[PDB]
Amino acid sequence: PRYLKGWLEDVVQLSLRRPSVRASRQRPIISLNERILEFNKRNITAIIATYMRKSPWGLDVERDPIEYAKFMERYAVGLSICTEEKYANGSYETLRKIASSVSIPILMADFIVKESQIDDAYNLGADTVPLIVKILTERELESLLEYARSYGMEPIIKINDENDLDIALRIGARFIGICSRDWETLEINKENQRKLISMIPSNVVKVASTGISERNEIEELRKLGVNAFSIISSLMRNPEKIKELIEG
């Protein structure tokens, strides 16, 4: 990975040491980006709901993962299940149970820094993983991206600024998540997010991280070309909120 500091450096070092799993996947890969584009053609707002027990920005919710997932299965274009242990209290078992309980696309949300974590996501039933430009060297990004695609996954490439975007396009990203929060400082900058979004080619499937506000953000960003929206805290706190966000 890249040289980092603070909690980010810690979690990356932890992740390099993540014991890999053995398991045989049950179902073929269900494409998250393809389902996003199908929602777009059907005029259905595409929201990625996230299961995440804890976050370095203080989120702290205990709730049943399966009931959360089965509820979301009816509304979300996909699910993002955080499997990072130390800062998010996630686990691989949580992913495996959710993956076998629902039939919508699943993103394994974690710090992917080695090939065996992609093995893990595939074996556990995830359909895709994120690859974060801020933590991986360009050589790592390109190679992990090839590796995941060899399984039939299309990873989402996470970007925070223009340089991240330049790298993502250079390495052949077709599925991009524009973060509003900086991974290192956890600062949110929506202006820079909107700015980044206007720089992305039309043929890239674009997911914007959304949270504070929502609804108003969804309408405005959707006009800027955004294809789907990933949301964490507000949905962990009030799952039924997704319905109003999609409808009235």
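For every residue, the number given is its place in the sequence shown, counted from 1.
As the entry records it, the average C-alpha temperature factor is higher for 24 to 32, out of 179 to 187 and 24 to 32. When the mean C-alpha temperature factors of 106 to 114 and 81 to 89 are read from the deposited coordinates, 81 to 89 comes out higher. The entry assigns its greatest Cα B factor, within the set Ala46, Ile218, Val205, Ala49, to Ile218. Sort the chain's modelled residues by C-alpha temperature factor and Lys158 lands in the lowest third, per the entry. Among the modelled residues of its chain, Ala228 has a C-alpha B-factor that falls in the lowest third, as given in the PDB entry. Annotation for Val11: C-alpha temperature factor in the middle third relative to the rest of the modelled chain, per the entry.
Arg149: CA B factor in the lowest third of modelled residues in this chain (values from the PDB entry).
Ranked against the other modelled residues of its chain, the C-alpha B-factor of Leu169 as given in the entry falls in the middle third.
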